[PDB]
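**Student:** Structure: structure_5.tsv, TSV, N, CA and C atoms and all ligand atoms.
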```tsv
chain	number	residue	atom	x	y	z
Y	373	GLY	N	102.91	77.91	90.04
Y	373	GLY	CA	104.05	78.71	90.46
Y	373	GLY	C	104.06	78.96	91.96
Y	374	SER	N	105.22	78.77	92.58
Y	374	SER	CA	105.36	78.98	94.02
Y	374	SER	C	106.56	79.87	94.32
Y	375	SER	N	106.29	81.02	94.94
Y	375	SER	CA	107.34	81.97	95.28
Y	375	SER	C	108.35	81.33	96.23
Y	376	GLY	N	107.93	81.09	97.47
Y	376	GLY	CA	108.80	80.49	98.45
Y	376	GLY	C	109.34	81.50	99.45
Y	377	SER	N	108.44	82.27	100.04
Y	377	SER	CA	108.83	83.29	101.02
Y	377	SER	C	107.73	83.49	102.06
Y	378	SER	N	108.12	83.52	103.32
Y	378	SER	CA	107.17	83.71	104.42
Y	378	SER	C	106.41	85.02	104.26
Y	379	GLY	N	107.08	86.02	103.68
Y	379	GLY	CA	106.45	87.31	103.48
Y	379	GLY	C	107.43	88.35	102.96
Y	380	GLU	N	107.54	88.44	101.64
Y	380	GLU	CA	108.44	89.40	101.01
Y	380	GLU	C	107.85	89.93	99.71
Y	381	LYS	N	108.04	91.22	99.47
Y	381	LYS	CA	107.53	91.86	98.26
Y	381	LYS	C	106.01	91.73	98.18
Y	382	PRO	N	105.30	92.50	99.01
Y	382	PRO	CA	103.84	92.49	99.05
Y	382	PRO	C	103.22	93.10	97.80
Y	383	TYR	N	104.04	93.78	97.01
Y	383	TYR	CA	103.58	94.42	95.79
Y	383	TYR	C	104.37	93.93	94.58
Y	384	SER	N	103.72	93.13	93.74
Y	384	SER	CA	104.36	92.59	92.55
Y	384	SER	C	103.37	92.49	91.39
Y	385	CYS	N	103.89	92.23	90.20
Y	385	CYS	CA	103.05	92.11	89.01
Y	385	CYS	C	103.08	90.69	88.46
Y	386	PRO	N	102.38	89.77	89.16
Y	386	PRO	CA	102.31	88.36	88.77
Y	386	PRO	C	101.50	88.16	87.50
Y	387	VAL	N	100.79	89.20	87.08
Y	387	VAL	CA	99.97	89.14	85.87
Y	387	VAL	C	100.83	88.90	84.64
Y	388	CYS	N	101.95	89.61	84.55
Y	388	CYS	CA	102.85	89.48	83.42
Y	388	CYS	C	104.21	88.94	83.87
Y	389	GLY	N	104.54	89.17	85.13
Y	389	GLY	CA	105.81	88.70	85.67
Y	389	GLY	C	106.82	89.83	85.83
Y	390	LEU	N	106.65	90.62	86.89
Y	390	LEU	CA	107.55	91.73	87.16
Y	390	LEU	C	107.31	92.29	88.56
Y	391	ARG	N	108.26	92.04	89.46
Y	391	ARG	CA	108.16	92.52	90.83
Y	391	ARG	C	108.24	94.04	90.88
Y	392	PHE	N	107.83	94.61	92.01
Y	392	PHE	CA	107.85	96.06	92.19
Y	392	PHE	C	108.10	96.43	93.65
Y	393	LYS	N	108.78	97.55	93.86
Y	393	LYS	CA	109.09	98.01	95.21
Y	393	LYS	C	108.09	99.07	95.66
Y	394	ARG	N	107.62	99.88	94.72
Y	394	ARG	CA	106.66	100.93	95.03
Y	394	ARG	C	105.23	100.42	94.89
Y	395	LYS	N	104.34	100.91	95.75
Y	395	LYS	CA	102.94	100.50	95.72
Y	395	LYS	C	102.13	101.39	94.79
Y	396	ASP	N	102.60	102.62	94.60
Y	396	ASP	CA	101.91	103.57	93.73
Y	396	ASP	C	102.33	103.36	92.27
Y	397	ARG	N	103.55	102.88	92.07
Y	397	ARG	CA	104.06	102.64	90.73
Y	397	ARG	C	103.53	101.32	90.17
Y	398	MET	N	103.43	100.32	91.03
Y	398	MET	CA	102.93	99.01	90.63
Y	398	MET	C	101.44	99.07	90.28
Y	399	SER	N	100.74	100.00	90.92
Y	399	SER	CA	99.31	100.16	90.68
Y	399	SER	C	99.05	100.73	89.29
Y	400	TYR	N	100.03	101.45	88.76
Y	400	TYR	CA	99.91	102.06	87.44
Y	400	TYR	C	100.33	101.08	86.35
Y	401	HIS	N	101.19	100.13	86.71
Y	401	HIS	CA	101.67	99.13	85.77
Y	401	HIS	C	100.75	97.91	85.76
Y	402	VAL	N	100.56	97.31	86.93
Y	402	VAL	CA	99.71	96.13	87.05
Y	402	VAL	C	98.33	96.39	86.45
Y	403	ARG	N	97.85	97.62	86.60
Y	403	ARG	CA	96.54	97.99	86.07
Y	403	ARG	C	96.55	98.00	84.55
Y	404	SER	N	97.70	98.31	83.97
Y	404	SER	CA	97.84	98.36	82.52
Y	404	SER	C	97.34	97.06	81.89
Y	405	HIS	N	97.47	95.96	82.62
Y	405	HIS	CA	97.04	94.66	82.14
Y	405	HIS	C	95.53	94.50	82.27
Y	406	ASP	N	95.05	94.49	83.51
Y	406	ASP	CA	93.62	94.35	83.78
Y	406	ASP	C	92.89	95.68	83.57
Y	407	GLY	N	92.51	95.95	82.33
Y	407	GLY	CA	91.81	97.18	82.02
Y	407	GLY	C	90.33	97.10	82.31
Y	408	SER	N	89.82	98.04	83.10
Y	408	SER	CA	88.41	98.06	83.45
Y	408	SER	C	87.97	99.47	83.85
Y	409	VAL	N	86.85	99.91	83.29
Y	409	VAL	CA	86.32	101.24	83.58
Y	409	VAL	C	84.94	101.43	82.97
Y	410	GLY	N	84.10	102.21	83.64
Y	410	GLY	CA	82.76	102.46	83.15
Y	410	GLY	C	81.89	103.18	84.16
Y	411	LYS	N	82.32	104.38	84.56
Y	411	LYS	CA	81.58	105.18	85.53
Y	411	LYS	C	80.12	105.33	85.11
Y	412	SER	N	79.27	105.66	86.07
Y	412	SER	CA	77.84	105.84	85.80
Y	412	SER	C	77.59	107.12	85.01
Y	413	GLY	N	76.41	107.22	84.41
Y	413	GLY	CA	76.06	108.39	83.63
Y	413	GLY	C	75.75	109.59	84.51
Y	414	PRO	N	75.61	110.77	83.87
Y	414	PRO	CA	75.31	112.01	84.58
Y	414	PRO	C	73.90	112.03	85.15
Y	415	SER	N	73.79	111.91	86.47
Y	415	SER	CA	72.50	111.91	87.14
Y	415	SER	C	71.89	113.31	87.14
Y	416	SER	N	70.56	113.37	87.20
Y	416	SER	CA	69.86	114.65	87.21
Y	416	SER	C	70.34	115.52	88.36
Y	417	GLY	N	70.12	116.83	88.24
Y	417	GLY	CA	70.54	117.76	89.27
Y	417	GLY	C	71.72	118.60	88.85
O	1	ZN	ZN	103.14	93.84	84.53
```
Show how you would write the structure in this file as structure tokens.
**Tutor:**
Amino acid sequence: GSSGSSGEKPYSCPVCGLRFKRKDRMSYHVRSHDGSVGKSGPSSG
């Protein structure tokens, strides 16, 4: 797949196929696909 733009829409959801205008909104959607999490355990103290 080739977009074809020197530089437009720096924030998009190519994972599923859905462009976005907001950077904070796309981060909540695009993330919905690539799920990852596993903070460290409770350290002493
Ligand atoms: Zn998406």
**Student:** If we draw a sphere of 7 Å around (100.1, 95.3, 83.6), which residues have at least one atom in it when counting only C-alpha atoms? Please report them as an mmCIF file with N, CA and C atoms, in the coordinates of the input.
**Tutor:**
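And here is the file that came out, part25.cif:
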```cif
data_model
loop_
_atom_site.group_PDB
_atom_site.id
_atom_site.type_symbol
_atom_site.label_atom_id
_atom_site.label_comp_id
_atom_site.auth_asym_id
_atom_site.auth_seq_id
_atom_site.Cartn_x
_atom_site.Cartn_y
_atom_site.Cartn_z
ATOM 1 N N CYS Y 385 103.890 92.230 90.200
ATOM 2 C CA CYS Y 385 103.050 92.110 89.010
ATOM 3 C C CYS Y 385 103.080 90.690 88.460
ATOM 4 N N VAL Y 387 100.790 89.200 87.080
ATOM 5 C CA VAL Y 387 99.970 89.140 85.870
ATOM 6 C C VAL Y 387 100.830 88.900 84.640
ATOM 7 N N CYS Y 388 101.950 89.610 84.550
ATOM 8 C CA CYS Y 388 102.850 89.480 83.420
ATOM 9 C C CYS Y 388 104.210 88.940 83.870
ATOM 10 N N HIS Y 401 101.190 100.130 86.710
ATOM 11 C CA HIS Y 401 101.670 99.130 85.770
ATOM 12 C C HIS Y 401 100.750 97.910 85.760
ATOM 13 N N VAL Y 402 100.560 97.310 86.930
ATOM 14 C CA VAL Y 402 99.710 96.130 87.050
ATOM 15 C C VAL Y 402 98.330 96.390 86.450
ATOM 16 N N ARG Y 403 97.850 97.620 86.600
ATOM 17 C CA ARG Y 403 96.540 97.990 86.070
ATOM 18 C C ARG Y 403 96.550 98.000 84.550
ATOM 19 N N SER Y 404 97.700 98.310 83.970
ATOM 20 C CA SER Y 404 97.840 98.360 82.520
ATOM 21 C C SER Y 404 97.340 97.060 81.890
ATOM 22 N N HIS Y 405 97.470 95.960 82.620
ATOM 23 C CA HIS Y 405 97.040 94.660 82.140
ATOM 24 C C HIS Y 405 95.530 94.500 82.270
ATOM 25 N N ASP Y 406 95.050 94.490 83.510
ATOM 26 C CA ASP Y 406 93.620 94.350 83.780
ATOM 27 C C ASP Y 406 92.890 95.680 83.570
#
```
**Student:** Report, in Å with one decimal, the straight-line distance from atom C of residue 382 (chain Y) to CA of residue 409 (chain Y).
**Tutor:**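 Between atom C of residue 382 (chain Y) and CA of residue 409 (chain Y) the gap is 23.5 Å.
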**Student:** When distances are computed from all atoms listed in the file, which of Y:407, Y:415, Y:390, Y:397 shows the smallest separation from ligand ZN 1 (chain O)?
**Tutor:**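 Once distances to ligand ZN 1 (chain O) are computed over all atoms listed in the file, the minimum belongs to Y:390.
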**Student:** Would you please work out which residue, of Y:398, Y:379, Y:393, Y:413, is nearest to ligand ZN 1 (chain O) when using only C-alpha atoms and all ligand atoms?
**Tutor:**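 Ranking Y:398, Y:379, Y:393, Y:413 by distance to ligand ZN 1 (chain O), first place goes to Y:398.
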**Student:** Please identify which residues in chain Y DSSP calls helix (DSSP H, G or I) from the backbone, and express them as a PDB file with N, CA and C atoms, keeping the file's coordinate frame.
**Tutor:**
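Generated output (out-v2.pdb):
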```
ATOM      1  N   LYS Y 395     104.340 100.910  95.750  1.00  0.00           N
ATOM      2  CA  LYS Y 395     102.940 100.500  95.720  1.00  0.00           C
ATOM      3  C   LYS Y 395     102.130 101.390  94.790  1.00  0.00           C
ATOM      4  N   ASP Y 396     102.600 102.620  94.600  1.00  0.00           N
ATOM      5  CA  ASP Y 396     101.910 103.570  93.730  1.00  0.00           C
ATOM      6  C   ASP Y 396     102.330 103.360  92.270  1.00  0.00           C
ATOM      7  N   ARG Y 397     103.550 102.880  92.070  1.00  0.00           N
ATOM      8  CA  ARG Y 397     104.060 102.640  90.730  1.00  0.00           C
ATOM      9  C   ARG Y 397     103.530 101.320  90.170  1.00  0.00           C
ATOM     10  N   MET Y 398     103.430 100.320  91.030  1.00  0.00           N
ATOM     11  CA  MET Y 398     102.930  99.010  90.630  1.00  0.00           C
ATOM     12  C   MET Y 398     101.440  99.070  90.280  1.00  0.00           C
ATOM     13  N   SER Y 399     100.740 100.000  90.920  1.00  0.00           N
ATOM     14  CA  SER Y 399      99.310 100.160  90.680  1.00  0.00           C
ATOM     15  C   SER Y 399      99.050 100.730  89.290  1.00  0.00           C
ATOM     16  N   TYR Y 400     100.030 101.450  88.760  1.00  0.00           N
ATOM     17  CA  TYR Y 400      99.910 102.060  87.440  1.00  0.00           C
ATOM     18  C   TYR Y 400     100.330 101.080  86.350  1.00  0.00           C
ATOM     19  N   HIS Y 401     101.190 100.130  86.710  1.00  0.00           N
ATOM     20  CA  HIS Y 401     101.670  99.130  85.770  1.00  0.00           C
ATOM     21  C   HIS Y 401     100.750  97.910  85.760  1.00  0.00           C
ATOM     22  N   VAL Y 402     100.560  97.310  86.930  1.00  0.00           N
ATOM     23  CA  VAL Y 402      99.710  96.130  87.050  1.00  0.00           C
ATOM     24  C   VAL Y 402      98.330  96.390  86.450  1.00  0.00           C
ATOM     25  N   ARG Y 403      97.850  97.620  86.600  1.00  0.00           N
ATOM     26  CA  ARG Y 403      96.540  97.990  86.070  1.00  0.00           C
ATOM     27  C   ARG Y 403      96.550  98.000  84.550  1.00  0.00           C
ATOM     28  N   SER Y 404      97.700  98.310  83.970  1.00  0.00           N
ATOM     29  CA  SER Y 404      97.840  98.360  82.520  1.00  0.00           C
ATOM     30  C   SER Y 404      97.340  97.060  81.890  1.00  0.00           C
ATOM     31  N   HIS Y 405      97.470  95.960  82.620  1.00  0.00           N
ATOM     32  CA  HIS Y 405      97.040  94.660  82.140  1.00  0.00           C
ATOM     33  C   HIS Y 405      95.530  94.500  82.270  1.00  0.00           C
TER      34      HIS Y 405
END
```
**Student:** Could you list, as a short mmCIF file (atom, residue, chain, number, x, y, z; two decimals) with N, CA and C atoms, in the coordinates of the input, every residue within 12 Å of region 373-376 of chain Y, counting only C-alpha atoms and ignoring same-chain residues fewer than 5 positions away?
**Tutor:**
```
data_model
loop_
_atom_site.label_atom_id
_atom_site.label_comp_id
_atom_site.auth_asym_id
_atom_site.auth_seq_id
_atom_site.Cartn_x
_atom_site.Cartn_y
_atom_site.Cartn_z
N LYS Y 381 108.04 91.22 99.47
CA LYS Y 381 107.53 91.86 98.26
C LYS Y 381 106.01 91.73 98.18
N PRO Y 382 105.30 92.50 99.01
CA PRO Y 382 103.84 92.49 99.05
C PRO Y 382 103.22 93.10 97.80
N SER Y 384 103.72 93.13 93.74
CA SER Y 384 104.36 92.59 92.55
C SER Y 384 103.37 92.49 91.39
N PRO Y 386 102.38 89.77 89.16
CA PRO Y 386 102.31 88.36 88.77
C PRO Y 386 101.50 88.16 87.50
N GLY Y 389 104.54 89.17 85.13
CA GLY Y 389 105.81 88.70 85.67
C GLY Y 389 106.82 89.83 85.83
N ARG Y 391 108.26 92.04 89.46
CA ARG Y 391 108.16 92.52 90.83
C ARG Y 391 108.24 94.04 90.88
#
```
